[PDB]
Amino acid sequence: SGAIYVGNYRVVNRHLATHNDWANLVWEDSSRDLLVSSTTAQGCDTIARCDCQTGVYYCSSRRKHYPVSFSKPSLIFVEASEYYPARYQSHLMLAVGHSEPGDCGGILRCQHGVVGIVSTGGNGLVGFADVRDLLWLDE
Ligand SMILES: Cn1nc(C(=O)NC2CC2)c2cc(F)ccc21
Ligand SMILES: [Zn+2]
């Protein structure tokens, strides 16, 4: 579980969004596993604006932050789950690292700020949904 809080926006995994989220929906892309909802209070996270391929992510299933190298955001085939059938997920970055389903929402961060959230994994890989192209999150 987990979210990004930037300005009056809340970014979550689409597959974990709540009632208030859909109600206050700003934007969602099923192919990216992303949903942005409006917030009352102002958030304090900074979104990275960069092409970094190294960073640190939070793994709730280890209570540990791991340094990782990750691929640039791309179209990647993701095995069927309880949330989606087998499909190409867009804007997805892979690293070698441990993850389990319930780690989704864990932040990936570089020196420039928030890069993305845990979205996919299995076979010793962890996938992260990029948010760095979502320029409107900053205004
Ligand atoms: C981080 N992580 N996410 C998922 C997942 O099913 N994500 C759905 C596409 C949303 C997963 C499955 C695993 F077996 C191991 C790790 C995982
Ligand atoms: Zn960066």
# chains A, B, ... in the order shown; residues from 1 in each chain; ligands from 1

call {"tool": "closest_atom_pairs", "arguments": {"of": "range 70-132 of chain A", "to": "range 13-24 of chain A", "cutoff": "8 Å", "atoms": "only C-alpha atoms", "output": "Markdown table"}}
result
| residue | atom | partner | partner_atom | distance |
| --- | --- | --- | --- | --- |
| A:83 | CA | A:15 | CA | 6.1 |
| A:104 | CA | A:13 | CA | 7.0 |
| A:105 | CA | A:13 | CA | 6.3 |
| A:117 | CA | A:13 | CA | 7.6 |
| A:119 | CA | A:13 | CA | 6.7 |

call {"tool": "write_last_selection", "arguments": {"atoms": "C-alpha atoms", "output": "compact mmCIF listing (two decimals), in the first residue's frame"}}
result
# COMPACT_ATOMS: atom_id res chain seq x y z
CA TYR A 83 -6.48 -7.15 -10.50
CA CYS A 104 2.42 -1.84 -4.32
CA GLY A 105 2.50 1.93 -3.55
CA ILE A 117 5.38 3.60 -7.23
CA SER A 119 3.13 -1.71 -9.40

call {"tool": "residues_near_ligand", "arguments": {"ligand": "ligand 1", "cutoff": "8 Å", "atoms": "only C-alpha atoms and all ligand atoms", "output": "VMD selection string"}}
result
chain A and resid 13 15 33 78 to 84 98 to 104 118 to 123 125 to 127

call {"tool": "write_last_selection", "arguments": {"atoms": "N, CA and C atoms", "output": "tab-separated table (two decimals), in the first residue's frame"}}
result
chain	number	residue	atom	x	y	z
A	13	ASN	N	-1.81	3.39	-6.92
A	13	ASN	CA	-2.11	2.23	-7.80
A	13	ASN	C	-3.63	2.24	-8.07
A	15	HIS	N	-5.42	-0.19	-8.93
A	15	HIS	CA	-5.97	-1.45	-8.36
A	15	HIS	C	-6.19	-1.30	-6.86
A	33	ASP	N	-1.71	1.29	-14.51
A	33	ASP	CA	-2.09	1.00	-13.09
A	33	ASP	C	-2.01	2.27	-12.24
A	78	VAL	N	2.87	-8.11	-18.61
A	78	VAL	CA	2.71	-8.42	-17.16
A	78	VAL	C	1.73	-9.59	-17.07
A	79	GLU	N	2.15	-10.65	-16.38
A	79	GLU	CA	1.34	-11.87	-16.11
A	79	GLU	C	-0.03	-11.46	-15.56
A	80	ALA	N	-1.09	-12.19	-15.91
A	80	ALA	CA	-2.41	-12.11	-15.25
A	80	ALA	C	-2.21	-12.06	-13.73
A	81	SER	N	-3.01	-11.24	-13.05
A	81	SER	CA	-3.15	-11.19	-11.56
A	81	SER	C	-4.63	-11.23	-11.18
A	82	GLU	N	-4.95	-11.05	-9.89
A	82	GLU	CA	-6.35	-10.90	-9.40
A	82	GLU	C	-6.91	-9.53	-9.82
A	83	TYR	N	-6.07	-8.54	-10.15
A	83	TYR	CA	-6.48	-7.15	-10.50
A	83	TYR	C	-6.60	-6.93	-12.03
A	84	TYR	N	-5.76	-7.57	-12.84
A	84	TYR	CA	-5.76	-7.40	-14.32
A	84	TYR	C	-5.53	-8.76	-14.97
A	98	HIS	N	13.52	-7.66	-4.57
A	98	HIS	CA	12.43	-8.44	-3.96
A	98	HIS	C	11.20	-7.54	-3.91
A	99	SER	N	10.02	-8.12	-4.15
A	99	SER	CA	8.70	-7.49	-3.94
A	99	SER	C	7.67	-8.61	-3.84
A	100	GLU	N	6.54	-8.31	-3.19
A	100	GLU	CA	5.31	-9.13	-3.13
A	100	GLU	C	4.13	-8.24	-3.49
A	101	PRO	N	2.96	-8.79	-3.87
A	101	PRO	CA	1.82	-7.96	-4.26
A	101	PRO	C	1.53	-6.78	-3.32
A	102	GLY	N	1.50	-7.03	-2.00
A	102	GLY	CA	1.11	-6.02	-1.00
A	102	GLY	C	2.16	-4.93	-0.79
A	103	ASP	N	3.24	-4.90	-1.58
A	103	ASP	CA	4.27	-3.83	-1.56
A	103	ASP	C	3.87	-2.68	-2.49
A	104	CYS	N	2.86	-2.87	-3.34
A	104	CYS	CA	2.42	-1.84	-4.32
A	104	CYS	C	2.18	-0.52	-3.57
A	118	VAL	N	5.80	1.25	-6.77
A	118	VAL	CA	5.70	-0.21	-7.01
A	118	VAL	C	4.32	-0.56	-7.57
A	119	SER	N	4.34	-1.31	-8.66
A	119	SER	CA	3.13	-1.71	-9.40
A	119	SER	C	3.15	-3.20	-9.74
A	120	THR	N	4.28	-3.79	-10.13
A	120	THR	CA	4.34	-5.20	-10.61
A	120	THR	C	5.50	-5.94	-9.92
A	121	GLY	N	5.50	-7.28	-9.96
A	121	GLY	CA	6.72	-8.02	-9.58
A	121	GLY	C	6.62	-9.53	-9.80
A	122	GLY	N	7.62	-10.25	-9.37
A	122	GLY	CA	7.68	-11.72	-9.53
A	122	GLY	C	9.01	-12.12	-10.10
A	123	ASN	N	9.46	-13.34	-9.80
A	123	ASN	CA	10.69	-13.90	-10.41
A	123	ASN	C	11.89	-13.03	-10.02
A	125	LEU	N	12.03	-9.76	-9.77
A	125	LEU	CA	11.95	-8.43	-10.43
A	125	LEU	C	10.88	-7.60	-9.71
A	126	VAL	N	11.04	-6.28	-9.74
A	126	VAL	CA	10.05	-5.33	-9.20
A	126	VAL	C	9.83	-4.27	-10.29
A	127	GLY	N	8.57	-4.04	-10.60
A	127	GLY	CA	8.17	-3.01	-11.58
A	127	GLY	C	7.60	-1.80	-10.89

call {"tool": "select_by_dssp", "arguments": {"residues": "range 9-123 of chain A", "states": "strand (DSSP E)", "output": "PyMOL selection string"}}
result
chain A and resi 9-13+25-29+34-44+54-59+64-69+74-78+87-96+107-110+113-122

call {"tool": "closest_atom_pairs", "arguments": {"of": "chain A", "to": "ligand 2", "cutoff": "8 Å", "atoms": "only C-alpha atoms and all ligand atoms", "output": "JSON lines"}}
result
{"residue": "A:48", "atom": "CA", "partner": "ligand 2", "partner_atom_place_in_ligand_line": "1 (Zn)", "distance": 5.5}
{"residue": "A:49", "atom": "CA", "partner": "ligand 2", "partner_atom_place_in_ligand_line": "1 (Zn)", "distance": 6.5}
{"residue": "A:50", "atom": "CA", "partner": "ligand 2", "partner_atom_place_in_ligand_line": "1 (Zn)", "distance": 4.6}
{"residue": "A:51", "atom": "CA", "partner": "ligand 2", "partner_atom_place_in_ligand_line": "1 (Zn)", "distance": 6.0}
{"residue": "A:52", "atom": "CA", "partner": "ligand 2", "partner_atom_place_in_ligand_line": "1 (Zn)", "distance": 4.3}
{"residue": "A:53", "atom": "CA", "partner": "ligand 2", "partner_atom_place_in_ligand_line": "1 (Zn)", "distance": 7.6}
{"residue": "A:54", "atom": "CA", "partner": "ligand 2", "partner_atom_place_in_ligand_line": "1 (Zn)", "distance": 7.9}
{"residue": "A:55", "atom": "CA", "partner": "ligand 2", "partner_atom_place_in_ligand_line": "1 (Zn)", "distance": 7.7}
{"residue": "A:109", "atom": "CA", "partner": "ligand 2", "partner_atom_place_in_ligand_line": "1 (Zn)", "distance": 7.6}
{"residue": "A:110", "atom": "CA", "partner": "ligand 2", "partner_atom_place_in_ligand_line": "1 (Zn)", "distance": 4.6}
{"residue": "A:111", "atom": "CA", "partner": "ligand 2", "partner_atom_place_in_ligand_line": "1 (Zn)", "distance": 5.3}
{"residue": "A:112", "atom": "CA", "partner": "ligand 2", "partner_atom_place_in_ligand_line": "1 (Zn)", "distance": 4.3}
{"residue": "A:113", "atom": "CA", "partner": "ligand 2", "partner_atom_place_in_ligand_line": "1 (Zn)", "distance": 6.6}
{"residue": "A:115", "atom": "CA", "partner": "ligand 2", "partner_atom_place_in_ligand_line": "1 (Zn)", "distance": 7.1}

call {"tool": "write_last_selection", "arguments": {"atoms": "N, CA and C atoms", "output": "PDB file, in the first residue's frame"}}
result
ATOM      1  N   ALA A  48      10.120  13.940  -9.457  1.00  0.00           N
ATOM      2  CA  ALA A  48      11.388  14.064 -10.201  1.00  0.00           C
ATOM      3  C   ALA A  48      11.064  14.453 -11.641  1.00  0.00           C
ATOM      4  N   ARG A  49      11.884  15.324 -12.221  1.00  0.00           N
ATOM      5  CA  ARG A  49      11.817  15.698 -13.648  1.00  0.00           C
ATOM      6  C   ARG A  49      13.207  15.440 -14.237  1.00  0.00           C
ATOM      7  N   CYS A  50      13.444  14.222 -14.734  1.00  0.00           N
ATOM      8  CA  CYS A  50      14.804  13.654 -14.949  1.00  0.00           C
ATOM      9  C   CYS A  50      14.730  12.354 -15.769  1.00  0.00           C
ATOM     10  N   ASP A  51      15.879  11.835 -16.217  1.00  0.00           N
ATOM     11  CA  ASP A  51      15.980  10.483 -16.839  1.00  0.00           C
ATOM     12  C   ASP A  51      16.958   9.628 -16.015  1.00  0.00           C
ATOM     13  N   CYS A  52      16.949   9.797 -14.691  1.00  0.00           N
ATOM     14  CA  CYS A  52      17.674   8.885 -13.739  1.00  0.00           C
ATOM     15  C   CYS A  52      17.302   7.416 -13.965  1.00  0.00           C
ATOM     16  N   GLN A  53      18.284   6.518 -13.834  1.00  0.00           N
ATOM     17  CA  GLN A  53      18.036   5.060 -13.914  1.00  0.00           C
ATOM     18  C   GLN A  53      18.591   4.390 -12.644  1.00  0.00           C
ATOM     19  N   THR A  54      18.918   5.175 -11.626  1.00  0.00           N
ATOM     20  CA  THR A  54      19.305   4.658 -10.298  1.00  0.00           C
ATOM     21  C   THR A  54      18.514   5.416  -9.254  1.00  0.00           C
ATOM     22  N   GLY A  55      18.163   4.724  -8.201  1.00  0.00           N
ATOM     23  CA  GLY A  55      17.314   5.264  -7.129  1.00  0.00           C
ATOM     24  C   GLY A  55      17.213   4.273  -5.990  1.00  0.00           C
ATOM     25  N   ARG A 109      12.521   6.658  -5.486  1.00  0.00           N
ATOM     26  CA  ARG A 109      13.021   8.047  -5.363  1.00  0.00           C
ATOM     27  C   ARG A 109      14.466   8.114  -5.879  1.00  0.00           C
ATOM     28  N   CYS A 110      14.785   9.166  -6.632  1.00  0.00           N
ATOM     29  CA  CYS A 110      16.156   9.512  -7.050  1.00  0.00           C
ATOM     30  C   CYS A 110      16.510  10.823  -6.333  1.00  0.00           C
ATOM     31  N   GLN A 111      17.681  11.381  -6.608  1.00  0.00           N
ATOM     32  CA  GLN A 111      18.088  12.696  -6.033  1.00  0.00           C
ATOM     33  C   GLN A 111      17.127  13.821  -6.439  1.00  0.00           C
ATOM     34  N   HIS A 112      16.325  13.656  -7.496  1.00  0.00           N
ATOM     35  CA  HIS A 112      15.400  14.735  -7.941  1.00  0.00           C
ATOM     36  C   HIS A 112      14.008  14.650  -7.292  1.00  0.00           C
ATOM     37  N   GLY A 113      13.716  13.604  -6.519  1.00  0.00           N
ATOM     38  CA  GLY A 113      12.379  13.378  -5.935  1.00  0.00           C
ATOM     39  C   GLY A 113      11.743  12.056  -6.347  1.00  0.00           C
ATOM     40  N   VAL A 115       9.999   9.201  -8.374  1.00  0.00           N
ATOM     41  CA  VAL A 115      10.085   8.686  -9.769  1.00  0.00           C
ATOM     42  C   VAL A 115       8.815   7.869 -10.085  1.00  0.00           C
TER      43      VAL A 115
END

call {"tool": "atom_distance", "arguments": {"atom1": "CA of residue 107 in chain A", "atom2": "CA of residue 62 in chain A"}}
result
14.1 Å

call {"tool": "select_by_dssp", "arguments": {"residues": "range 11-136 of chain A", "states": "alpha helix (DSSP H)", "output": "number ranges by chain"}}
result
A: 19-23

call {"tool": "residues_around", "arguments": {"residues": "range 73-75 of chain A", "least_positions_apart": "3", "cutoff": "7 Å", "atoms": "only C-alpha atoms", "output": "ChimeraX atom specification"}}
result
/A:88-93,130

call {"tool": "closest_residue", "arguments": {"among": "A:43, A:106, A:10, A:34", "to": "residue 60 in chain A", "atoms": "only C-alpha atoms"}}
result
A:106

call {"tool": "closest_residue", "arguments": {"among": "A:56, A:86, A:96, A:47", "to": "residue 133 in chain A", "atoms": "only C-alpha atoms"}}
result
A:47

call {"tool": "closest_residue", "arguments": {"among": "A:97, A:69, A:7, A:64", "to": "residue 40 in chain A", "atoms": "only C-alpha atoms"}}
result
A:7

call {"tool": "atom_distance", "arguments": {"atom1": "CA of residue 44 in chain A", "atom2": "CA of residue 134 in chain A"}}
result
16.5 Å

call {"tool": "atom_distance", "arguments": {"atom1": "CA of residue 12 in chain A", "atom2": "CA of residue 87 in chain A"}}
result
19.7 Å
